[PDB]
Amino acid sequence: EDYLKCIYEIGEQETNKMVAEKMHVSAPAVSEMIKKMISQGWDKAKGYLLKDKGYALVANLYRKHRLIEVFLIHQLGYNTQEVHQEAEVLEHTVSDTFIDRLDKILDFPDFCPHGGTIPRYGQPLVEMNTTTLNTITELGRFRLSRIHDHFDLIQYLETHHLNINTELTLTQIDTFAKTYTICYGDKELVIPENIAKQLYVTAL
């Protein structure tokens, strides 16, 4: 269910062995859960291929999630802890009609506070920000546009005071250590490839 949300996330380039190790799912419940998911909508190419019956459904899941996030943070003045405790339950309880009215209320926002796009009117999920940090080979200065909706990742970011839409400058790209050294405001931070994968930046 909410764990099929991340077969699309590892399909984002972030088989069975990839499932169990990424979303800490039970190894027998990784291959034997598929027998239910293959039935009634959603092989060659990669490990698995979801149908349009599936692609459209997860778009509504992210829609619920990010819309609620926008409401909590921007209107209710929530913080990361309260959000991580409240939002996951809210999206599990509220109806489609509820978030549809809410979408209208929020003046139809484009992005999640993390920087993720918000699909509308049954449109498939199309992320505007796709360029991650680890892919950057040239130097220069960028803006942190999008991060993933993970909790501990935001913990890491708010620890180093690295917010969304922050102006930064990439100084060193260690090609052997796969380390990206950035400078923002008054601080300097080195970022491993495993973290740079989760940071979406935009050239300036």
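From 1 onward, residues are counted along the sequence shown.
According to the record, the deposited sequence contains 1 to 3 residues between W42 and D43 that were left without coordinates.
The stretch of deposited sequence separating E14 from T15 contains 1 to 3 residues lacking coordinates in this entry. Look at the mean CA B-factor for 16-24 and for 188-196 in the entry; the higher one is 16-24. For the two regions 108-116 and 87-95, the entry's Cα B-factors average higher over 87-95. As recorded in the PDB entry, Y48 shows the highest C-alpha B-factor of the residues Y48, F142, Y62, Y156. Going by the entry's values, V30 shows the largest Cα B-factor out of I136, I68, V58, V30.
Placement of the Cα temperature factor of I10 within the chain: highest third of the modelled residues, per the deposited record. In this PDB entry, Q75 carries a Cα temperature factor that places it within the middle third of its chain's modelled residues. The deposited CA B-factor of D174 belongs to the lowest third of values across its chain. When the CA B factors of the chain's modelled residues are split into thirds, the value for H161 lands in the middle one. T130: CA B factor in the middle third of modelled residues in this chain (values from the PDB entry).
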